[PDB]
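Nothing in this text is a laboratory measurement; each read-out follows from the coordinates by a stated rule. Note that each Cβ is placed from the backbone with ideal geometry, even for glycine, and that neighbours are counted across all protein chains shown.
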Amino acid sequence: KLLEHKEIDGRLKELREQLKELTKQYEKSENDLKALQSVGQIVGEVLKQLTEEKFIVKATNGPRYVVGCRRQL
Amino acid sequence: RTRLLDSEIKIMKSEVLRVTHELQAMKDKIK
């Protein structure tokens, strides 16, 4: 009628706002879970180009390796 | 009356929304 749920709408809005913020953190957490599947990569410097798909690289910890190259790079 | 039915419908919707939201939003964080 004249009043209806206009006055009661205040309680619903307050409850929804508090619960709405909780779901926001869930999106943030998912970002972390998307990083747990990314592993590290050894770091070394290129020494020479034997061929188009073969390189001589020495990891800056240990030995010298002959390794390939990613196509896109 | 005409607004009596509307009030009952709104109350029923609120109960479902509160239960449904917890079962989905809260579960994702805990999982």
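List the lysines whose alpha-carbon lies under 18 Å from that of residue B:10, not counting same-chain residues fewer than 8 positions away?
Partners found: A:1, A:6, A:13.
Work out the length of the dipole vector of the protein assembly as shown about its Cα centre, built from +1 on the beta-carbon of each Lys and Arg and -1 on the beta-carbon of each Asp and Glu, and round it to the nearest 20 debye.
Using Cβ point charges on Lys, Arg, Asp and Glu, the protein assembly as shown gives about 200 debye.
Taking the beta-carbon count within 10 Å as an exposure proxy, list A:11, B:1 from fewest neighbours to most.
B:1, A:11
Would you tally the net charge around residue A:27, using a Cβ to Cβ cut-off of less than 15 Å, leaving residue A:27 out, and scoring K and R as +1, D and E as -1?
My count for the surroundings of residue A:27 gives +3.
For the Cα atoms of chain A, what angle does the longest principal axis make with the long axis of helix A:9-33, in degrees from 0 to 90, nearest 10?
Between the helix axis and the principal axis of chain A, the angle is about 10 degrees.
Between chain A and chain B, how far is it from one alpha carbon centroid to the other, in angstrom?
Computed from Cα coordinates, the inter-centre distance equals 33 Å.
Starting from the Cα of residue A:34, draw a straight line to each of the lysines and keep only those under 28 Å, dropping any in the same chain fewer than 8 residues away.
A:20, A:24, B:27, B:29, B:31
Can you give the local net charge around residue A:42? Use residues other than it whose beta-carbon is closer than 15 angstrom to its beta-carbon, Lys and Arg +1, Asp and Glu -1.
Once all neighbours under 15 Å are counted, the net charge is +2.
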